[PDB]
Amino acid sequence: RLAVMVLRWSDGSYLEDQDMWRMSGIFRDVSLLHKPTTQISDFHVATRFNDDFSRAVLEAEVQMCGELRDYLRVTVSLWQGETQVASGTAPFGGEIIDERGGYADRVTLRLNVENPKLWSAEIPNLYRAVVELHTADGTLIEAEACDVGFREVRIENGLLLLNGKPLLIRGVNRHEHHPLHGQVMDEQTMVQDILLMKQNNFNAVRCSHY
Amino acid sequence: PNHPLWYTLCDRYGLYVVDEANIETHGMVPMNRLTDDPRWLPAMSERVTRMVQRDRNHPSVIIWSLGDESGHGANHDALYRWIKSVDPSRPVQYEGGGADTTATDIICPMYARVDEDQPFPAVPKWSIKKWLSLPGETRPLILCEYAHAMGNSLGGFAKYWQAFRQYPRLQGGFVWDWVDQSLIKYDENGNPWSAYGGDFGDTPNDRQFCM
Ligand SMILES: [Mg+2]
Ligand code: NA
Ligand code: NA
């Protein structure tokens, strides 16, 4: 049995003064997560490019908790649909960072990717990353994953570029709101919102203000 | 360069002067065929340097100009740096090759429009309000020529001055131009009339465009 004492007003509210209906409670999903004791505790996906976006290096940093053992490994494997296009396996122990050494409990994988399919609002291409923590001898402990999109965002010479090019932001601010449900969001409505947005020539949205 | 007295007059009455080397190669095809030819650098240098060696002490001269309508060629670059080296007390400007070349401290278009873009190839005349904010652009904008006042003209002048006052980096300009270049002739009864291009049997000619 759970008991959740939700307060409407808190020192939190001073930083939550948005122009919108003030409501309260447990308003998004509740869930239970069973992780292994030796677990993936964090991962960061990075994608950098050469000058014309024909070559890319995916760079995944993995973090773990549990007792460190030599048999431990992380494998990162990148998929486009059902082809595996690239893959990297290494033990834990990151590069030397300072005078005390490095992160014993981190490992960084670098996958080369020729001619990657770039991600944009125009063509939202998606590769899939699978982060496996496993004994070298081949026992999966747990796998975590994410959707990856090969794209580069930077500001050079005063323009905002995406995959090399100057964007034109046709955007909308969208609050999470429902007339019956208040501030409780569901898939059906989010999708309804997206299709209309894209139907009426939008390509961007600000999470106003959270 | 002007008659020597003129600068002393500006020194004493109070007027900022753009002193201009005597270099125009407009009719050339292309316009920079000379100014880019390093066999023409000597004759050009003497036209800049000898100006500089004359008027450098006139307070009223605040800006050196390398010339007018002569495209953009290396010679300009060399003579820009020469003055920059010789006289740091004044900015150097030049409208040639697109009014924002590496040959100029000031973006100085001729007849750039306030709001309307004129995208001529290689040498576009952007709207002055747009020109300032082009990627990586930091220089000020003072038109070397604007508001062509030929006959019943100066329509839309207001639009420049409102923009000028609104945009700090729009620092105004120089109207083209001060005085009609008409000339006195006399009829069969000795009565004087103002003449323009062609009236001397001079051919070919550009008629009333001298006014
Ligand atoms: Mg507010
Ligand atoms: Na101004
Ligand atoms: Na004229």
# chains A, B, ... in the order shown; residues from 1 in each chain; ligands from 1

call {"tool": "residues_near_ligand", "arguments": {"ligand": "ligand 2", "cutoff": "12 Å", "atoms": "only C-alpha atoms and all ligand atoms", "output": "PDB file with C-alpha atoms, in the first residue's frame"}}
result
ATOM      1  CA  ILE B 128      19.800  49.328 -46.410  1.00  0.00           C
ATOM      2  CA  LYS B 129      17.713  48.044 -43.484  1.00  0.00           C
ATOM      3  CA  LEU B 132      23.191  45.864 -42.018  1.00  0.00           C
ATOM      4  CA  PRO B 140      28.171  51.092 -40.506  1.00  0.00           C
ATOM      5  CA  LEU B 141      26.081  52.123 -43.514  1.00  0.00           C
ATOM      6  CA  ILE B 142      26.348  55.592 -45.037  1.00  0.00           C
ATOM      7  CA  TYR B 160      15.380  57.252 -45.749  1.00  0.00           C
ATOM      8  CA  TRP B 161      15.424  59.721 -42.867  1.00  0.00           C
ATOM      9  CA  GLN B 162      12.899  57.755 -40.813  1.00  0.00           C
ATOM     10  CA  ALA B 163      15.002  54.608 -41.340  1.00  0.00           C
ATOM     11  CA  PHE B 164      18.206  56.556 -40.590  1.00  0.00           C
ATOM     12  CA  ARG B 165      16.850  57.768 -37.251  1.00  0.00           C
ATOM     13  CA  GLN B 166      15.532  54.338 -36.325  1.00  0.00           C
ATOM     14  CA  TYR B 167      18.654  52.294 -37.211  1.00  0.00           C
ATOM     15  CA  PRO B 168      21.836  53.348 -35.307  1.00  0.00           C
ATOM     16  CA  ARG B 169      24.135  51.695 -37.877  1.00  0.00           C
ATOM     17  CA  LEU B 170      22.297  53.527 -40.662  1.00  0.00           C
ATOM     18  CA  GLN B 171      24.220  56.782 -40.398  1.00  0.00           C
ATOM     19  CA  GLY B 172      22.683  58.637 -43.354  1.00  0.00           C
ATOM     20  CA  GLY B 173      24.145  59.513 -46.719  1.00  0.00           C
TER      21      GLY B 173
END

call {"tool": "residues_around", "arguments": {"residues": "segment 169-172 of chain A", "least_positions_apart": "3", "cutoff": "12 Å", "atoms": "only C-alpha atoms", "output": "number ranges by chain"}}
result
A: 121, 159-162, 166, 175, 193-194, 196-198, 200-208

call {"tool": "closest_residue", "arguments": {"among": "A:19, A:164, A:190, A:157", "to": "residue 138 of chain B", "atoms": "only C-alpha atoms"}}
result
A:157

call {"tool": "interface_residues", "arguments": {"of": "chain B", "to": "chain A", "cutoff": "12 Å", "atoms": "only C-alpha atoms", "output": "list in words"}}
result
residues 133, 134, 135, 136, 137 and 138 of chain B

call {"tool": "write_last_selection", "arguments": {"atoms": "C-alpha atoms", "output": "mmCIF file, in the first residue's frame"}}
result
data_model
loop_
_atom_site.group_PDB
_atom_site.id
_atom_site.type_symbol
_atom_site.label_atom_id
_atom_site.label_comp_id
_atom_site.auth_asym_id
_atom_site.auth_seq_id
_atom_site.Cartn_x
_atom_site.Cartn_y
_atom_site.Cartn_z
ATOM 1 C CA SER B 133 21.978 42.550 -40.563
ATOM 2 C CA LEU B 134 23.484 40.175 -43.156
ATOM 3 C CA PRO B 135 25.338 37.198 -41.620
ATOM 4 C CA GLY B 136 28.662 38.337 -40.108
ATOM 5 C CA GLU B 137 28.244 42.040 -40.980
ATOM 6 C CA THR B 138 29.326 44.692 -38.472
#

call {"tool": "select_by_dssp", "arguments": {"residues": "segment 54-115 of chain B", "states": "helix (DSSP H, G or I)", "output": "number ranges by chain"}}
result
B: 54-55, 74-86, 96-98

call {"tool": "write_last_selection", "arguments": {"atoms": "N, CA, C and O atoms", "output": "PDB file, in the first residue's frame"}}
result
ATOM      1  N   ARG B  54      48.405  65.902 -49.592  1.00  0.00           N
ATOM      2  CA  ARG B  54      47.970  67.284 -49.721  1.00  0.00           C
ATOM      3  C   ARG B  54      46.984  67.694 -48.623  1.00  0.00           C
ATOM      4  O   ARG B  54      47.189  68.694 -47.953  1.00  0.00           O
ATOM      5  N   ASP B  55      45.925  66.913 -48.431  1.00  0.00           N
ATOM      6  CA  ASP B  55      44.798  67.331 -47.597  1.00  0.00           C
ATOM      7  C   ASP B  55      44.756  66.695 -46.206  1.00  0.00           C
ATOM      8  O   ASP B  55      43.853  66.984 -45.419  1.00  0.00           O
ATOM      9  N   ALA B  74      42.482  44.261 -57.238  1.00  0.00           N
ATOM     10  CA  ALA B  74      43.524  44.218 -56.216  1.00  0.00           C
ATOM     11  C   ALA B  74      44.109  45.586 -55.896  1.00  0.00           C
ATOM     12  O   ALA B  74      44.387  45.883 -54.739  1.00  0.00           O
ATOM     13  N   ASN B  75      44.295  46.422 -56.912  1.00  0.00           N
ATOM     14  CA  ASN B  75      44.906  47.731 -56.703  1.00  0.00           C
ATOM     15  C   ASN B  75      44.240  48.533 -55.588  1.00  0.00           C
ATOM     16  O   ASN B  75      44.925  49.161 -54.773  1.00  0.00           O
ATOM     17  N   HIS B  76      42.910  48.472 -55.550  1.00  0.00           N
ATOM     18  CA  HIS B  76      42.116  49.054 -54.471  1.00  0.00           C
ATOM     19  C   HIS B  76      42.521  48.534 -53.097  1.00  0.00           C
ATOM     20  O   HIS B  76      42.608  49.304 -52.146  1.00  0.00           O
ATOM     21  N   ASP B  77      42.755  47.225 -52.999  1.00  0.00           N
ATOM     22  CA  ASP B  77      43.135  46.600 -51.740  1.00  0.00           C
ATOM     23  C   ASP B  77      44.477  47.112 -51.262  1.00  0.00           C
ATOM     24  O   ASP B  77      44.624  47.490 -50.102  1.00  0.00           O
ATOM     25  N   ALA B  78      45.442  47.155 -52.171  1.00  0.00           N
ATOM     26  CA  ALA B  78      46.771  47.669 -51.864  1.00  0.00           C
ATOM     27  C   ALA B  78      46.747  49.142 -51.437  1.00  0.00           C
ATOM     28  O   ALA B  78      47.484  49.532 -50.532  1.00  0.00           O
ATOM     29  N   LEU B  79      45.902  49.950 -52.083  1.00  0.00           N
ATOM     30  CA  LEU B  79      45.855  51.391 -51.817  1.00  0.00           C
ATOM     31  C   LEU B  79      44.966  51.710 -50.627  1.00  0.00           C
ATOM     32  O   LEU B  79      45.055  52.797 -50.053  1.00  0.00           O
ATOM     33  N   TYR B  80      44.093  50.766 -50.271  1.00  0.00           N
ATOM     34  CA  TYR B  80      43.298  50.873 -49.050  1.00  0.00           C
ATOM     35  C   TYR B  80      44.270  50.723 -47.879  1.00  0.00           C
ATOM     36  O   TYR B  80      44.345  51.591 -47.004  1.00  0.00           O
ATOM     37  N   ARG B  81      45.044  49.641 -47.898  1.00  0.00           N
ATOM     38  CA  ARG B  81      46.017  49.376 -46.857  1.00  0.00           C
ATOM     39  C   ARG B  81      47.074  50.474 -46.765  1.00  0.00           C
ATOM     40  O   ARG B  81      47.520  50.812 -45.673  1.00  0.00           O
ATOM     41  N   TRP B  82      47.456  51.051 -47.900  1.00  0.00           N
ATOM     42  CA  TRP B  82      48.446  52.130 -47.886  1.00  0.00           C
ATOM     43  C   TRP B  82      48.007  53.318 -47.009  1.00  0.00           C
ATOM     44  O   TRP B  82      48.761  53.749 -46.125  1.00  0.00           O
ATOM     45  N   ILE B  83      46.801  53.833 -47.250  1.00  0.00           N
ATOM     46  CA  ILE B  83      46.261  54.905 -46.415  1.00  0.00           C
ATOM     47  C   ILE B  83      46.092  54.443 -44.961  1.00  0.00           C
ATOM     48  O   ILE B  83      46.534  55.144 -44.047  1.00  0.00           O
ATOM     49  N   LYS B  84      45.474  53.274 -44.749  1.00  0.00           N
ATOM     50  CA  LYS B  84      45.320  52.721 -43.387  1.00  0.00           C
ATOM     51  C   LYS B  84      46.651  52.733 -42.644  1.00  0.00           C
ATOM     52  O   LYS B  84      46.700  53.000 -41.440  1.00  0.00           O
ATOM     53  N   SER B  85      47.725  52.454 -43.380  1.00  0.00           N
ATOM     54  CA  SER B  85      49.068  52.466 -42.833  1.00  0.00           C
ATOM     55  C   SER B  85      49.568  53.885 -42.584  1.00  0.00           C
ATOM     56  O   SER B  85      50.131  54.167 -41.530  1.00  0.00           O
ATOM     57  N   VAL B  86      49.342  54.767 -43.557  1.00  0.00           N
ATOM     58  CA  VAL B  86      49.893  56.128 -43.557  1.00  0.00           C
ATOM     59  C   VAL B  86      49.121  57.089 -42.660  1.00  0.00           C
ATOM     60  O   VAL B  86      49.715  57.981 -42.029  1.00  0.00           O
ATOM     61  N   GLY B  96      32.866  50.592 -54.947  1.00  0.00           N
ATOM     62  CA  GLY B  96      33.066  49.637 -56.036  1.00  0.00           C
ATOM     63  C   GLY B  96      32.917  48.165 -55.672  1.00  0.00           C
ATOM     64  O   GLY B  96      33.076  47.779 -54.495  1.00  0.00           O
ATOM     65  N   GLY B  97      32.599  47.353 -56.684  1.00  0.00           N
ATOM     66  CA  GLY B  97      32.459  45.903 -56.531  1.00  0.00           C
ATOM     67  C   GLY B  97      31.395  45.394 -55.564  1.00  0.00           C
ATOM     68  O   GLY B  97      31.394  44.213 -55.200  1.00  0.00           O
ATOM     69  N   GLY B  98      30.499  46.282 -55.133  1.00  0.00           N
ATOM     70  CA  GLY B  98      29.360  45.871 -54.321  1.00  0.00           C
ATOM     71  C   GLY B  98      29.140  46.620 -53.026  1.00  0.00           C
ATOM     72  O   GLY B  98      28.278  46.238 -52.236  1.00  0.00           O
TER      73      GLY B  98
END

call {"tool": "residues_near_ligand", "arguments": {"ligand": "ligand 1", "cutoff": "12 Å", "atoms": "only C-alpha atoms and all ligand atoms", "output": "list in words"}}
result
residues 15, 16, 17, 18, 19, 20, 21, 208 and 209 of chain A
